[PDB]
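Protein chains in written order, with UniProt numbering: chain U, 3 to 38; chain S, 3 to 38; chain D, 3 to 38; chain W, 1 to 175; chain F, 1 to 175; chain Y, 1 to 175; chain H, 2 to 427; chain C, 215 to 374. All residues carry an ideal CB built from backbone N, CA and C; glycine is no exception.
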Amino acid sequence: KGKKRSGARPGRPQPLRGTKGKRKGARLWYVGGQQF
Amino acid sequence: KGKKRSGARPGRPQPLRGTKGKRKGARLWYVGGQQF
Amino acid sequence: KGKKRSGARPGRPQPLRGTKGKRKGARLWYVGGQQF
Amino acid sequence: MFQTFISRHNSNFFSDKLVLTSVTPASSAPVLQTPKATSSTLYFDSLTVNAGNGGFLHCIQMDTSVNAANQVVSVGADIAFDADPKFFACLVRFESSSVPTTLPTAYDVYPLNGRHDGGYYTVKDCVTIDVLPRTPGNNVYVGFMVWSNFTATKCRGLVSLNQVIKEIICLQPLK
Amino acid sequence: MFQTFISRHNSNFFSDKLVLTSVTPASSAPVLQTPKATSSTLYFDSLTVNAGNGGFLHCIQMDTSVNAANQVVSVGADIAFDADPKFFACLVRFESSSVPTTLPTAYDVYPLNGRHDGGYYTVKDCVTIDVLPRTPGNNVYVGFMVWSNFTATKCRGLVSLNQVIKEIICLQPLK
Amino acid sequence: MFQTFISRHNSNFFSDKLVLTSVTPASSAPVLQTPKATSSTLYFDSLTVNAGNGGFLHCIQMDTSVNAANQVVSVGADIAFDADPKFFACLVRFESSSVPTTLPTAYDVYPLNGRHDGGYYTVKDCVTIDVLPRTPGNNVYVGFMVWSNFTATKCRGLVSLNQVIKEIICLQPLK
Amino acid sequence: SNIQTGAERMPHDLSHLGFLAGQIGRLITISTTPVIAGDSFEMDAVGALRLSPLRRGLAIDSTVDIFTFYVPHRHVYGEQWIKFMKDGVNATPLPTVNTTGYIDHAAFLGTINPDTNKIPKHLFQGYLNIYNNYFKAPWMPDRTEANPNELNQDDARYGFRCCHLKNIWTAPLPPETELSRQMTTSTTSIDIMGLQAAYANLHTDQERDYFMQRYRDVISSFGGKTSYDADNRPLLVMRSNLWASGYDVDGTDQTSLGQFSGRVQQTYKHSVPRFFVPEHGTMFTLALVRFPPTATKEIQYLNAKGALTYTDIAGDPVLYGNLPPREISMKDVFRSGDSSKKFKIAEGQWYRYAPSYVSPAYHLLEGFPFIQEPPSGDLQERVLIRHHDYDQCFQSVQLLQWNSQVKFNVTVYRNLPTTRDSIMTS
Amino acid sequence: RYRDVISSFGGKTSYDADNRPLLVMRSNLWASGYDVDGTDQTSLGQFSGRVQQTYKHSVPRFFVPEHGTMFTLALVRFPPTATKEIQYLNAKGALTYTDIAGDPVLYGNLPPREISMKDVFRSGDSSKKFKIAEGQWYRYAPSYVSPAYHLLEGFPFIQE
DNA sequence: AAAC
DNA sequence: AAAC
DNA sequence: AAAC
DNA sequence: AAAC
């Protein structure tokens, strides 16, 4: 259960850079080979 | 009795953040339970 | 007699803050009592 | 192109029909409809103008709650006379300590930047006026007034007045 | 000189021919063509105006998907009557819970900053209007309306209306 | 939309009635009313124009206390002639070491950006003029002048002149 | 039944935000906290002081004074209050003064006008006491209105006019200062001993005129002291003074490049150290914003009063140390001074003071907070600040001449039961 | 709420006991930003507040006991500052001993006080009532908005 | 007023 | 009230 | 729910 | 191709 709040992240906003988590794992896409 | 003046608070103004004092005390609102 | 010049006071201008000298002395106004 | 988001006249969201049907122009220029307070848009698809040598006007009551001596009063109007009265148009400022029904004896006039074409008249202009009563008990009124040596005739149109005591937002797609 | 990149009226890339050929002006001002949704440019090189005492108009349906109460509606028109109807022009706002074919009994009017010259009429103006239905089930409509004591006659021209719910880009050579 | 807060002509809070009733146009263009100093708005609901070949004008006295050679002089006017004099309008600059009653022999003219429609004339323009005396003892005067081969006739209207030696505040609701 | 007879003193957080606005020389209430006998009060006001946008760049800082006074209710209801406390529960309810029907007509008391149009008399009276004991010039008559509805819309909405910062013209000797004193002598003799006495009495007069118009001052003169209860004066708990400043905004469009707008944002902090409240009352906090009295037409006395005599130019100490106050006119120190408007100055004052100089090029230039024409009127009208003298200084806005956004941190160590002791029957 | 009645007994109740969503984490913050200075002929002296607030909501590891959804919601609010709230003692008539004295025996012993929207607001509906704790007015202080701000756009104040 |  |  |  |  919930508690301390913290959006008080002192900083100027940064443009969203990348929708891929923090820790990844196994492979997810199979397309027949490499695709850039 | 009155005396030394001090609004000389060297700083850029800050938006008012919160109308709740500095030191609080006992509970003031009773609404039937928790309310966020 | 005159001599070295110095308005070279390196600084951004500051709004005039107060027409009362640097060293004051005796009391100058008498109005019947205190007046803020 | 980008959209122009600035106007000299912002007409009120609601307009009113002139309930009157004839006016007989005069020095004591009759007030076409009881004045509203800050902005009003009056339209009449047929008004009968009796021969008369004076004018007629449409008023707003200045809102005097913001203590700001000079405010902008804007006017928006498109009017069509059946005949060409050869009239002069203007903004009028007058005070009255009671609902006015005719122009008082004292008033001031201000030129607009309209366009006259025969008996046709259109304007979209604003003027800064001293909106608080010059005399303590009165109400100040600002209106759109037409003045000429009128001949019986008829007119059609709308006249919109607005006191800029506040601004109007609108969507600005890039914000 | 630099190029002006701001306009009060951005007409739609495609215009439509008025399929109608005569209108008989009325209080229940007939809607010239079934309304389109956000912007439409209607042109008619010959329209026959029957004697009538009321008006006729050209409508757009307000797009009510962006919850922004006040939006700018712009109008662009160049019209030529064979005779000079001595008419007044305006923007009209009315709602209807069904495709309208005539002006409903309730509507509001707003003055444009056009120019009348005889039977000629041209305008390029915008107005901020309250574009969401004032009444829950309706559709709001905004149009360009002409009103007079019409005599049989004929007219030529185009009338363009646009709801500024989005802006329009254009090339800006220095960017 | 936002409100336009910029104008080319800011008329004075108080206007004056032309106490005169007929003018007979001439080369020595009569000054309609004794000049006021920085800004004045003159209105006449009936002026009789005698046949005359010259002009008539309405003046302001330039305020020469701010040592700034070029200042902006603005004009605001709506005038209606009973007949169409086919006249040209302009701003006039002349000096005189005494209250003028007619245009002196030497003067300069400047074009306005008005609009002529028959006998109707309306303008809202400003011009930068050299406002200090070109000659040491004089007073410089700037006015609105009408010139034609006048026929007896009548006119109605207001003419407002203002010397921009200071600006005018007005409320700006967002500040 | 047994009831909750006691309470234990604990900190009460009476903190609140303040959205303020006023005119330039008018005293306005910005916060008020009603206090109970025996509580301890402390406050930390921290906010920003802003002026309306000005027409050109910053030229002069304005000075700001924030005051906190304590006004016991006894002081306001007198005998009636005493009896109320004694009567206890069935005491007759306290009197309520009347306001004018407008939303801002009680604004001077830092409050919205209730629809009924009345407020607690202590709120209105406390303000008058504060004004009359510390802000009017000692010699002006007290403000004695019975109800706020007797006030003009500018006094009611913006607060009462305060005096200018002291000047030769702004702080002349009191109006009735005597320039002479006769001793009725006999026809061909004078009483050497009566003369002596004559001088002793004038002395006593002179002191009351110049320094002791108020009873409390007459006593200090004796070397005694007088409680605030002795003359019913609001007690000044704390006072802060400051200069507000800001920065210029550079215009950058085709027409306004070379043009600036001064932006005055001033962070300030008003701190009232803990205060023991001896009896029930209100704690009033007021603000006053003022500019030094710079007139665009003041002249140096010696440069504007004709031919110079030995007495005026030489600086002879025996002369200055011994002759009566000099009566001067508004014309001796101002370009459009009314020669008919007189004032009494100390001899040699012109050598103890120097006016500010404003080159004539600035005379009607808008955007400078200068006084453009010399104050015209009686002595009182000239010393009381006139906020319109500053109208041409600012951009016209709905928030008057200055606005402030503050956070009033206030802690009161009071002793009343808990909100639930309060809502629980048992 | 049933769960509260039990805590009162000093017992505990699982989220399964009354079917309540379990609150895993909660973050609270004040958003701020900066003003943009206008600089054209007409808007020099004018500003626009820009609120950009970087925030971070972190939910520590959580063991999911049974299949379900993890909901994350946001709520943005301003303190309830009305432009017309009055101090109770300043807006309800004549003051009685019970209202002004701060007598602890009174406040500690009488029923809740029924008040109207008119006792605390300039255009308060006297017909709209509410029950307050006696002495509440001495435990609370409303914010003050000078009347000069009443219909001034750009302030998040409640106008009526 | 030998006081929650 | 920069006071015998 | 600043709780015998 | 997070591969017996």
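Looking at the DSSP output, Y248(C) sits in a beta bridge with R264(C).
With the rule of 3 Cβ pairs closer than 8 Å, the stretch 27-37 of chain W does not count as touching the stretch 21-41 of chain Y.
The contact set of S246(C) on chain S, defined by CB atoms closer than 7 Å, consists of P17 in chain order. Between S246(H) and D66(H), the C-beta spacing is not below 7 Å. According to the DSSP assignment, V219(H) belongs to the alpha helix (DSSP H) that extends over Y216 to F223. Residue-level contact check: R353(C) touches chain S, since one or more beta carbons of chain S fall below 7 Å from its beta carbon. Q163(Y) is bridged by DSSP to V73(Y). By alpha-carbon distance to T122(Y), the top candidate from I165(Y), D63(Y) and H9(Y) is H9(Y).
For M194(H), the enclosing alpha helix (DSSP H) has its first and last residue at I193 to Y211. Inside the stretch 3-29 of chain F, DSSP marks no whole beta strand (DSSP E) run of 3 or more residues. Within its own chain, the residues whose Cβ lies closer than 7 Å to the Cβ of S46(Y), once the five positions on either side in sequence are excluded, are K154 and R156, listed in chain order.
Contact annotation: in the stretch 371-399 of chain H, residues whose CB is within less than 7 Å of a CB in chain C are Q396 and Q399. About 25 Å separates the Cβ atoms of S330(H) and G322(H), ruling out a contact at the 8 Å cut-off. Interface criterion not met: the Cβ of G35(S) is under 7 Å from no Cβ in chain H.
Not a single C-beta of chain Y is nearer than 7 Å to the C-beta of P361(H).
Against chain Y, a Cβ distance below 7 Å from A89(W) picks out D78. The three-state secondary structure of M86(H), taken from DSSP, is helix. In summary, the residues of the stretch 162-175 of chain H whose CB is separated from some CB of chain D by less than 8 Å are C163, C164, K167, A172, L174 and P175, in the order they occur in the chain.
Checking the DSSP bridge columns, you'll see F144(W) partnered with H58(W) and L91(W). Excluding sequence positions up to five before and after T24(W), its CB lies within less than 7 Å of the CB of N50 and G52, all in the same chain and listed in chain order. For the pair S272(H) and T128(W), the Cα-to-Cα distance works out to about 44 Å. From the listed residues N138(Y), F150(Y) and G54(Y), the smallest Cα separation to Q61(Y) is found for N138(Y).
For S330(C), the uninterrupted beta strand (DSSP E) run begins and ends at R327 to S330, by DSSP.
Under the criterion of beta carbons closer than 8 Å, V109(Y) and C90(Y) qualify as touching, at roughly 4 Å.
Neighbours of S423(H) in chain C, taken as residues at a C-beta separation under 7 Å, are given in chain order as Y321, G322, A347, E348 and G349. According to DSSP, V49(W) shares a beta bridge with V23(W) and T153(W). Counting only unbroken stretches of 4 or more residues, the alpha helix (DSSP H) elements lying wholly within the stretch 374-406 of chain H are 380-384, in sequence order. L20(W) and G143(W) do not touch by the CB rule: their CB atoms are close to 15 Å apart, not below 8 Å. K119(H) is bridged by DSSP to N99(H). Within the DSSP secondary-structure output, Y110(Y) pairs in a beta bridge with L91(Y).
Under the Cβ criterion of 7 Å, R291(H) is not counted among the residues facing chain D. Identification of chain C residues near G20(S) by a Cβ-Cβ cut-off of 8 Å yields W244 and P293, ordered along the chain. Excluding five sequence positions before and after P35(H), the CB atoms of its chain that fall closer than 7 Å to its own CB belong to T283, given in chain order. For the stretch 1-12 of chain Y, the set of residues with a beta-carbon nearer than 7 Å to any beta-carbon of chain C comprises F5 and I6, in chain order. Following the DSSP letters along the chain, one finds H116(W) inside the beta strand (DSSP E) bounded by residues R115 to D117.
Close to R215(C), with beta-carbon spacing below 8 Å, lies no residue of chain H; the smallest spacing is near 18 Å.
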